[PDB]
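The structure appears right after this line, and notes come after that.
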Amino acid sequence: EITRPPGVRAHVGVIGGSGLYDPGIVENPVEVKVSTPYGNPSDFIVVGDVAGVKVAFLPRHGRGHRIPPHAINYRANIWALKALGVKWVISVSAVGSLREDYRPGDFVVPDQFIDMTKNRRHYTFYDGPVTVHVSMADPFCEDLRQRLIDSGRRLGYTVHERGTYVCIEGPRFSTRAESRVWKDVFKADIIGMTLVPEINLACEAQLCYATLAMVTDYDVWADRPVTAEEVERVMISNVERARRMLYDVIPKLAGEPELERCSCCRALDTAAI
Amino acid sequence: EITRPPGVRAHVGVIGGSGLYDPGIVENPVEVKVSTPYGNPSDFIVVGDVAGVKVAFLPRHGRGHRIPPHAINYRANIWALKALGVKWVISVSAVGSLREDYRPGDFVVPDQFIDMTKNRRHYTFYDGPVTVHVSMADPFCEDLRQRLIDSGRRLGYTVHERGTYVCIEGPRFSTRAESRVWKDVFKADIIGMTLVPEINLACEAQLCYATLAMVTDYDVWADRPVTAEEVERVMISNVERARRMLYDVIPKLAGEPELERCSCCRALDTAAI
Amino acid sequence: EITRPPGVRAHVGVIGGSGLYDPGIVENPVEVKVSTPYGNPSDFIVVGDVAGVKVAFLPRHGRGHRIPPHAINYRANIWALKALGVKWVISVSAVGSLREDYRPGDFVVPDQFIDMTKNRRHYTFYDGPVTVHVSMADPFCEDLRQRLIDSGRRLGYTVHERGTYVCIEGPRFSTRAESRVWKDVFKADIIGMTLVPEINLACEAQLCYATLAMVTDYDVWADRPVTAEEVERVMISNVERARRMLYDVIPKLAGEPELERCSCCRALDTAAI
Ligand SMILES: Nc1ncnc2[nH]cnc12
Ligand SMILES: Nc1ncnc2[nH]cnc12
Ligand SMILES: Nc1ncnc2[nH]cnc12
């Protein structure tokens, strides 16, 4: 693919808030434009070096939080990261909690999801003539999941070691009746808006993708229901711990994901017809 | 600031003997001239990469040990390192011991100091119109202190985990009556000449600064009093172990100091009037 | 020495199969031509960055396995690596086993060897007028040996922590009568063809050289004798584990070999007459 500047490559993708990028850490940073067949990624991708590992930072909402979950160009974002050569993708996300013990401030590394989105327009890169049906029974990359969990232990942070993420459409938050269904009927653990189709596309791109979620609220279940202001307040309060995990994890990603602990790394071998 | 070559940046500063720099380790080294408002730093600063971390080496005495402690341009040295963008500063220093159990050859990572210098001419960057009074109750950066101690453990070296450094003016060594005061009255543990005002300035520059001291002698207290030849002999005999600690520590400094374990990292927030 | 491109340097050499090099890991790779007084190394040396450590990859048999053990330009290979500035050399090798418990698939980090080659033409760089006789009582670099063993532990792989490598001339495999001598009379543990004079030369070049061997067969001792096809099949089946060890080890080699655990690092101090 064509990039400007030309010849830019990266090994680890980081998708999350723009505040995750730290210019006091990232060496030789460059803003890069990566052509995609889907138009513009959410913003410039910043490529630079962390402990000799080339990292590509992409704020999914854009800098300044300009793009709500439903309006994100998921195809452009994942195509651009794949085009740069990334093998690992760390997503960092805010989520609501549907269980007491997943408390605001806790990290969660989910292992499952339930897609309840409706309006994302494309849930795949493959519209024909090659039909592709990737197996997403175990949709996250286990190698990266365990690395995120390990970093949490090293740093003394609470990181819940499993969880089912119900992805809703939004942008409005759940009603109480919907939340009762997510919590009591589907038995989901956390709730967010951006996981799908981001993870679908990452899997189709044969990336090792895992999510580091930060609980920001209890959705409808506390005395006062979740608000946008509450979510953003808790995220900004905890972004420093998110960065510490991120910059602890990245230096250990110089190598490749272990294929037998990366469900999607060879997804296309048996997915295409 | 203006540098030659231009655009040089660094993340970790190393202040100590020129023998600490190892061209067999440091990748892409460049000698850099960093303008300061105080004139020349002690020598060229050599910037290069250690395990993907950009390090700036500055010999405080100059190459060849040309500059005694009292003649060092402390302001130029710290300004130049800060101007390059460093966040961490590892100082490596020779010190005398005032206690039997801090033996020649032992490393010491001090946590306190007593300033008994008199002739250093500037003890601060701030002469007005903004008055700055940094809190130096806990003057060293705890994050870096514990990292130096940890490396010592990994390598099997003795590293005393605390100590009070009495900084004297010199260049002449202490009389017996002075040493009795340092040891028995002030209850200092080690003695050197270069800590102040280097640490003051580093703190004002909002750097995470810690000292790795190497005991070279027992000042007046052994049968034969300390001499310059003795200090230099023990330092050169132990410089290889100093390097091993240095190159063990640096690769783990890709990230930022933890603010809550870095007393000076936000010193200016409440220090300026 | 003259290189094309000019000014290329490296810190760690990797000698083994071309399949060890992974373009998904190695940053900023460049093929480099390094002049030697002995003509062409086995192939281009690929220099690039792994976790900020500069690595030089050299396939001893050439890409495509074009050069049998007896035809390898050992002097050119080691001269070229030394000329680039490497301090560490990791050799990865296939070997036969002469003992039940060194099983196909197991790694072995040998500590000794017995040279039974005959036709390698030069066993040294030093033909006069400076006579050089390096001590090779303990011919491998202990620092690197223990690092290879440590990586094996971290990864959960079997790595035998000692072994005597009998190096035969080849290219034909041993007869049964020869194998009985290696196994029962010399009491060797593993057998290969490429160790000598590669290790001699590395030692004379004052490199920290260690071998990570992979058992591929039991030479004559199983029901069916070893064949070339069998060796290559087991190697290709296990190359991924070899890579995982290699890319686990390399990031920890930013520093220098420890002289007191590197028998050859100062070999020339007392070897030359
Ligand atoms: N309660 C919630 N519902 C949906 N998305 C969220 N993101 C953060 N909290 C959320
Ligand atoms: N005894 C001593 N007094 C002052 N500075 C020193 N540096 C090393 N040893 C010393
Ligand atoms: N049995 C064997 N003999 C010699 N070299 C070998 N390399 C691998 N297996 C071998």
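Numbers restart at 1 for each chain; the letters A, B, ... are given by sequence-line order, proteins then strands. Remember, it's 1-based here, ligands and their atoms both numbered in the order they're listed.
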C:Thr216 neighbourhood, listing ligand 3 atoms whose heavy-atom distance to it stays under 4.0 Å = 8 (C), 9 (N)
What protein heavy atom lies closest to [atom]? Include the residue and the distance to one decimal.
atom: atom 7 (N) of ligand 2; answer: B:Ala94 O, 3.7 Å
atom: atom 3 (N) of ligand 2; answer: B:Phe173 CD2, 3.5 Å
atom: atom 6 (C) of ligand 2; answer: B:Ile191 O, 3.6 Å
atom: atom 9 (N) of ligand 2; answer: B:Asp217 OD1, 2.6 Å

Do the charged groups of C:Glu169 and C:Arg120 touch, with an N to O distance under 4.0 Å?
-> yes
Using 4.0 Å as the upper bound for N to carboxylate O, is an ion pair formed by B:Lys183 and B:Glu178?
-> no
How are the rings of C:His160 and C:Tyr102 set relative to one another: parallel (under 30°), tilted (30 to 60°) or perpendicular (over 60°)?
-> parallel
Going by the order shown, which atoms of ligand 2 are within less than 4.0 Å of some heavy atom of B:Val226?
-> 1 (N)
Check each atom of ligand 2 against the heavy atoms of B:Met193 and keep those under 4.0 Å away; list them by number with element.
-> 4 (C), 5 (N)
With only distance considered, is B:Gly96 within less than 3.5 Å of ligand 2 through an N or O on each side?
-> yes
Is the shortest distance from a heavy atom of A:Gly192 to ligand 1 less than 4.0 Å?
-> yes
Kindly indicate, with the supporting measurements, whether the criterion salt bridge (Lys or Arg N to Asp or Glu O under 4.0 Å) is fulfilled by B:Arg162 and B:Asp111.
-> CA-CA 5 Å; B:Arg162 68 217 150 84; B:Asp111 61 333; over 6 Å; no
Any side-chain donor paired with an acceptor under 3.5 Å for A:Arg60 and A:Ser93?
-> yes
Do the side-chain N and O atoms of B:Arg66 and B:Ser42 include a donor-acceptor pair separated by under 3.5 angstrom?
-> no
Is it true that atom CD of A:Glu100 has more than 12 heavy atoms of other residues, nucleotides or ligands lying nearer than 6.0 Å?
-> yes
